[PDB]
Amino acid sequence: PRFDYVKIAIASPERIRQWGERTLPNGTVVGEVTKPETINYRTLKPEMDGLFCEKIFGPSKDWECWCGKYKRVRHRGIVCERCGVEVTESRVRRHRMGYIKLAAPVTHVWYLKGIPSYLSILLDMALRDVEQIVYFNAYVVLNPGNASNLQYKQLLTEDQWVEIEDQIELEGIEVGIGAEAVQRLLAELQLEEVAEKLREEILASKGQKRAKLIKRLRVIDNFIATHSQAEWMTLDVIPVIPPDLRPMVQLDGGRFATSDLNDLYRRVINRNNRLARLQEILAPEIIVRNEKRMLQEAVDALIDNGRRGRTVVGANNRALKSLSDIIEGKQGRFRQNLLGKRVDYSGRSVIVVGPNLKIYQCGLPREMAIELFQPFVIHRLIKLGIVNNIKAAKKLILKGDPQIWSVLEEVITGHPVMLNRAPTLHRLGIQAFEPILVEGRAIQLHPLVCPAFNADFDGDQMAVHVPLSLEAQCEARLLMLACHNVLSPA
Amino acid sequence: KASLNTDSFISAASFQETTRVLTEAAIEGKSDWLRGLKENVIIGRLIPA
Amino acid sequence: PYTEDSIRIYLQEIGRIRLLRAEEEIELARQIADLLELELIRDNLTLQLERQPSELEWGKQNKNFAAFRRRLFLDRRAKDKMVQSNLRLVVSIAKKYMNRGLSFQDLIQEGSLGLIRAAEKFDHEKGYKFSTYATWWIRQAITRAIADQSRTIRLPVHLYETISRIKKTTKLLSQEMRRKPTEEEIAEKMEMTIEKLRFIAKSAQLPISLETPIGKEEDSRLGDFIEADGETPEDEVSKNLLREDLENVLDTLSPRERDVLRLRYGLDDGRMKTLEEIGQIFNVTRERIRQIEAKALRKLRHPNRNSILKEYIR
Amino acid sequence: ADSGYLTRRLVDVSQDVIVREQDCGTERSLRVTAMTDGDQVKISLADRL
Amino acid sequence: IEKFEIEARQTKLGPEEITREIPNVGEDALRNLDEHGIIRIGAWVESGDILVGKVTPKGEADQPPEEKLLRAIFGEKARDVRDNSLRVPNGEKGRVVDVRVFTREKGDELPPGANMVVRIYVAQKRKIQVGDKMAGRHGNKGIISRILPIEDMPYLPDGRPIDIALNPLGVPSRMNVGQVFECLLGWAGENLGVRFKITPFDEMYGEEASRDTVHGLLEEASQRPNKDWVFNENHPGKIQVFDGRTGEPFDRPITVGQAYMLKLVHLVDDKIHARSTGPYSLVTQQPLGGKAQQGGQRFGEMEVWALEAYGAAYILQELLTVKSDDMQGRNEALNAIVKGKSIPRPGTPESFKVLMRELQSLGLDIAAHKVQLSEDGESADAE
RNA sequence: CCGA
DNA sequence: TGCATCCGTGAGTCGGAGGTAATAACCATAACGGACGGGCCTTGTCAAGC
DNA sequence: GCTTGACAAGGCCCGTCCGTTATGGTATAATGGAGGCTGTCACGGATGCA
Ligand SMILES: Nc1ccn([C@@H]2O[C@H](COP(=O)(O)OP(=O)(O)OP(=O)(O)O)[C@@H](O)[C@H]2O)c(=O)n1
Ligand SMILES: [Mg+2]
Ligand SMILES: [Mg+2]
Ligand SMILES: [Zn+2]
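Spatially, β1(B)-β1(A)-β19(E)-β20(E) is the arrangement adopted by the 4 strands of the open sheet, whose pairing is antiparallel. Unpaired on one side and paired on the other, β1 (31-32) of chain B together with β20 (376-378) of chain E mark the two borders of the sheet. Two elements, strand β1 (residues 5-7) of chain A and β1 of chain B, share 2 bridges in a ladder whose sense is antiparallel. Along β1 of chain B, the bridge assignment pairs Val6 of chain A with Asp32 of chain B.

In the vicinity of ligand 1, the contacting residues are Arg421, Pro423, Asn454, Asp456 and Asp458 of chain A together with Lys141 and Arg174 of chain E. Per-site note: the chains with residues close to ligand 1 are chains A and E. Here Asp458 of chain A contributes a side-chain N or O atom positioned 3.1 Å from an oxygen atom of ligand 1. Contact distances for ligand 1 include 3.4 Å between an oxygen atom and a side-chain N or O atom of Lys141 of chain E. Alone, ligand 1 offers 610 Å² of accessible surface; in the complex the protein occludes 37% of this. In terms of residue class, the shell around ligand 1 is made up of 1 nonpolar, 1 polar and 5 charged.

Attention now moves to the UniProt feature "binding site: Mg(2+)" in chain A. Within this numbering scheme, the UniProt entry marks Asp456, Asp458 and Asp460 of chain A as carrying the feature "binding site: Mg(2+)". With respect to the secondary-structure elements, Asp458 of chain A resides in the loop between α17 (450-453) and β15 (461-465). Excluding its chain neighbours within four sequence positions, the residues that come into contact with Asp458 of chain A are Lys133, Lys141, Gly142 and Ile143 of chain E. Secondary-structure assignment places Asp460 of chain A in the loop between α17 and β15. A residue is classified by how much of its surface remains accessible, and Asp460 of chain A, at 12% relative accessible area, is buried.

The next thing to look at is the coordination of the zinc ion (ligand 4). Residues and elements named next belong to chain A. Listed as protein donors to the zinc ion (ligand 4) are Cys65 (SG), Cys67 (SG) and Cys80 (SG); their distances from the metal cover 2.5 Å. If you list the donors of the zinc ion (ligand 4) from N- to C-terminus, the spacing comes out as C-x1-C-x12-C. Of this pair, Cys65 sits in the loop between α2 (54-57) and β2 (98-107) while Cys80 sits in the loop between α2 and β2; the two residues are 15 residues apart in sequence, bridging distant segments of the chain. Assigned by exposure class, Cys65 and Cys80 land together as buried.

Right, let's talk about the coordination of the magnesium ion (ligand 3) for a bit. Every protein donor of the magnesium ion (ligand 3) is accounted for by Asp456 of chain A (OD) and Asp458 of chain A (OD), and the metal-donor separations fall at 2.3 to 2.4 Å. Looking at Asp458 of chain A, the relative accessible area reads 12%, which means it is buried.

We now examine the sheet that holds strand β5 (residues 174-176) of chain A. Residue and element names in this part refer to chain A. The strand order across the open sheet built from 3 strands is β4-β3-β5, with neighbouring strands paired in antiparallel fashion. With one partner strand each, in any of the chains shown, β4 (155-156) and β5 form the two edges of the open sheet. With 3 bridges joining them, strand β3 (residues 139-143) and β5 adopt antiparallel strand pairing. Bridge pairing links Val141 to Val175 in β5. Contacting β3 and β5, helix α7 (residues 179-187) runs over the sheet at an angle of about 35 degrees to β3.

Before going further, it helps to spend a moment on the protein's contact with DNA strand H. Neighbouring DNA strand H are 47 residues, the closest being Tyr41 of chain A together with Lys129, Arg144, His158 and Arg256 of chain C. When the atoms of DNA strand H within 4 Å of the protein are grouped by moiety, sugar and phosphate amount to 47% of the total. Measuring from a phosphate oxygen of DNA strand H, one finds a side-chain N or O atom of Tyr133 of chain C at 2.9 Å. Within the side chain of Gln140 of chain C, one N or O atom sits 3.1 Å away from a base nitrogen of DNA strand H.

Procedures and definitions
- Note that residue numbers begin from 1 in each chain and follow the written sequence, not necessarily the entry's scheme, while residues that lack coordinates are absent from the view.
- Here the convention is simple: chains get letters from A, ligands get numbers from 1, in the order in which they are written.
- What you see is a piece of a larger assembly; the numbers all apply to this piece alone.
- Side-chain calculation: all heavy atoms of the structure are included, whereas hydrogens and water are not.
- Residues with missing side-chain atoms are left out of burial classes, side-chain pairs and their counts.
- Pairing between strands requires that DSSP locate at least two bridges from one strand to the other.
- Only DSSP runs of H or I covering at least 4 residues are called helices, and only runs of E covering at least 2 are called strands; the numbering of each starts at the N terminus.
- Here a residue is considered near a molecule or strand provided that any single heavy atom belonging to it is located within 4 Å of it.
- Two N or O atoms count as a polar contact when they lie within 3.5 Å, although within protein this holds only if one can serve as hydrogen donor and the other as acceptor, and sequence-adjacent residues are included solely when both atoms are side-chain atoms.
- Accessible areas in this description were obtained via Shrake-Rupley with a 1.4 Å probe; residue shielding takes into account the shown protein chains only.
- Here the term charged refers only to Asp, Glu, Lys and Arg, the term nonpolar to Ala, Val, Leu, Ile, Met, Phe, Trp, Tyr, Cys and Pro, and the term polar to all other amino acids, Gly among them.
- UniProt positions are given in the numbering used here, feature names are shortened, and annotations may be inferred rather than shown by experiment.
- Whether two residues touch is decided by their heavy atoms; if any such pair falls within 4.5 Å, the residues are in contact.
- Each residue is placed in one exposure class: buried if its accessible area under a 1.4 Å probe, protein chains only, is under 20% of its type's maximum, exposed if it is over 50%, and partly exposed if it falls in between.
- For Na, K and Ca the donor cutoff is 3.2 Å, while for all other metals N, O and S atoms count as donors only within 2.8 Å; water does not appear among the atoms, so some sites may look incomplete.
- In this analysis an axis means a line fitted to C-alpha atoms, helices contributing only their contacting stretch, and an angle means the value between N-to-C directions, from 0 to 180 degrees.

Now the structure itself:
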């Protein structure tokens, strides 16, 4: 469909649950991943609750349920009453996503360990102190009531907290540790009150203090305009990527080829289930505290591996690729798959000199030309009444015929062809030519277009591209043809 | 610095420092109105030139 | 000091607690047994009173409820102390199982769960120390966590014990027969099928990541060579032209037999039907329907004026 | 690598400069002289206009 | 000599077998195969010929209504195996010289999960060709661009034609002067028959030692009783050369000699490649890369800048959508080209939806919106 | 590792 | 408040070939689930008749 | 242009049946971890310290 703009924001827990939850006709939601299983080892089918589950993500085959009994195409829009898998086409595993319900709150590592670290800006604390509270190395005072030695957002060690327990002062003093304390500190921050206090504080303050007050006020003003809560920087629900974007394929030899995202999700689910088990049976607090810190380090490695602490490695001490590592670099999604792609209807060969051949003309080899212009030849072989379908046309094309060469000669007449030599340093590195069929295997280039390509005949190769549409052939002829590119653009 | 201080977070994220640009764009809640050559290539549309 | 080593932080946190003595272990085991029998009578009261035993207690049958809460608090503190004081034994055991697939902290936490089970299963009336029974349960929990986690496509525990038995049997039959190793005698000494042995050896393989480099550089990747399993655009266009030519051939014959053949194979509904349900689409029953589709196939099997479809023969 | 990184930065800083209108209707101007480093010229005025 | 290897693996649906009975293969495509389905030693193979016939037991049997009706009409019993034979790639003709087969019950032991392994060696004699690389010992590379007949090649005043013409402008810009010393000394040794041997840095024995050695040996070769056209004292390194087409001598004397030229591994047969439509990638659904997997050329970011510096918005749009990772656009474009109609308008590419799902899985509420008549609504890009 |  | 120390961020484009990881308990016992075999019904051909 | 009757074929469906799989357990005593960096360069913030 068409759209006008793209808007980015912070995801709430209800929104993350809205991406993952899908209801059934029986009245049951199916969106939560509860087990770290992927597929069964005996039969290579996904398990009924896990990272590849067919109730959450969809069927692995077209119009087929998991347990059987619905193998036909005729059941459309139905859900199996025995298994629970909707009988749909199997391409919904590119789109359908799930979620993981955490047993403890966790902080997003983008908002804590970034620069300028918006969590410590909004909390008005130092980054080392918030990083010490989150990873269970220090306490913090949530209720400073009835004390002169204690104040709000003050950090304490374990010794300082057990020596406060001498006085049992004689009132209710609360403390907190981990991301529960950070979530409770963010949940009680009145945004309009702190904003008007900062606006009443900037007009009467010093020089270097004023820049910090301006930075905190401009962070706080974003949370009122976006209508987003400050406690949404701590995660209660974790979204799970669709399973076809983290595929698990089998190689010829029996070994399975997996992606690195499955190990990180498996660690998150394993530590979550162990934390729920420890909280169920009332384990000692030194064991439950180490389990929450490990879950915190597990969620951070899934999002950005090696951002805060030790980098999680694999088999040969190679670091696992994470959700920000698949997008953040020159091998990521932007620079390798969106701004530049591999294309169909293309080829390459070495170039030779082309004297006794005009400008705007390239010498295109014949075996290269039957491959690049194959659907245009297939269309002409049916229009001329030689064959009747694509299979006879492909058979006569591959078997070799003298009719195919006359057909290709009358097909490539007037069809411009774009030539490219890497590196493409300026505009004249891609130019369009009218091909003539030469015999041999090299591409014949005209000697006058050679400084425009920076190309000599001692080993250079050039790529060839065929425009398909009629607007694309009219643009190669009127805008890119080599007999109109005499002057430099610089 | 002038490439990263543009009105479009898609171009600034595809250029350099993707994590920081996406974090400030998510906190500021900003929209990308698809005005430029680099966004329409990523979207898949005709470029506006 | 500030550090980012969580293992060092946890080792300092367990080094802050001292080690027990033996009479301490006897007294804590007595309090743990008291706690467990109190939880047993609590569990049978929940099984009798439909899970509303929070205000019910058989230890008394106002100050008595406070004494009961104090007793329960001291027994729970005794259990937590006996678990907490022995966390050094878990670190001393779990440092041997380091490179089998789990990290150090996962082995420590699973051995801690095993230590919890050993502290709730200890018998002080046997004279034995706590460390032997604790070592048994900690190694049990660590090996069960290895067999349950640390593999993407996980294998059951009996498969791991079968792999170990096969390793021992092959090494013993290689000590006996020094040359010419024989899978026939390997399957003989294990009393199993040779294709079952090949299945065990195939399931025992480890996966390889799609992000591993192929050469000694960063230019290549394993996922760059894996083809997506789908249908080509050539097959799509060939079956679409086959569908169009098929409909244009079928609409040349009589209109009744054309829709009979179309409802028979799902060329309009997307649902292949039986012979009787054509008899409920019409009202004439299914015996005329089979003769209709038979003579329609005989008319389409004519040598003249039907060879346009004969080129799709593969 | 230095040359190509400079080229990528220059492309990203000015990927949205398209000719949109025919005239802006301004009175501001740029003074052009012949570029000289010493007594001999480098670019003359006729080449610069 | 090329080497081809095929393994008869073990599949869950059944064992793969190497056989002579292959479906959808004609009569005379099996003449070179033996009784087991393998080629014999000394057979000539070209591109597409069967080396080892192999089948595997496919077992899904999910047929569309078109195939069901076509097998209702014309008989057409669908077999349980499919073709998986080893074939010669595009090009790579030659003679089969070694057909060694390894079987586990013959005494061999294999990679696990494979029944038998066949290894086939195919040898070919490659002549010199237009597009091949050629070089000397002085860094003077080049590509052959024309092969002329000897009646068209220039010839010497004894009537002997020239084997190779090199451009003289590649010498003083590249500053490799020793090739002219080498060709003149080799031509003196050709006219004498002595096969010289000269160690480098020979200017220790005097000033202009290489020049004096070369011209003195050329003079002594020209003092032969029949060969006095070899050296001219007016212009030393040059002699008169005649044109093969007209018979006229060239206006200026030309340096001739005997050079030692080399043929390099960069031949045009290993360089030519073309793709119409092949396999695709797993997640991105873009064409693969590489000659071995019939991959497509990468249209990188600099090529996108070059197309944007032109006009050419439609060339750039079809290069990014209907030629890569838009599957409905791929099918529609191929159908419109085959049926001769207009190619329709493309949709959202597949990698952009992958990026949207990845940014959502990072925890960012990113969505596309559409405004129409005072209304904002979130659009569904997955459709 | 090599080639442009 | 100025200077020293620290940390995160970047470092050109295409093509070919080869090619990865690599060591570590054992035992009873019940619950579970796919496979296999009769029962009934639904379905698909021969065959004679108006 | 249909109709009824014989002859089988084969999916659903509910029993056992045996191989797989999950779970619990073992009682001398054992009580803080191996394991690599150590030859890049330059710029910009952010601490941090005198
Ligand atoms: N690391 C490299 C090396 C080479 N090239 C490209 O390859 C060409 C190399 O030309 P080549 O023929 O190898 O050398 P010449 O410059 O022609 O010099 P010579 O004639 O002496 O070989 C360069 O222009 C350049 O565009 C490149 O992009 N990157
Ligand atoms: Mg060159
Ligand atoms: Mg050159
Ligand atoms: Zn089902």
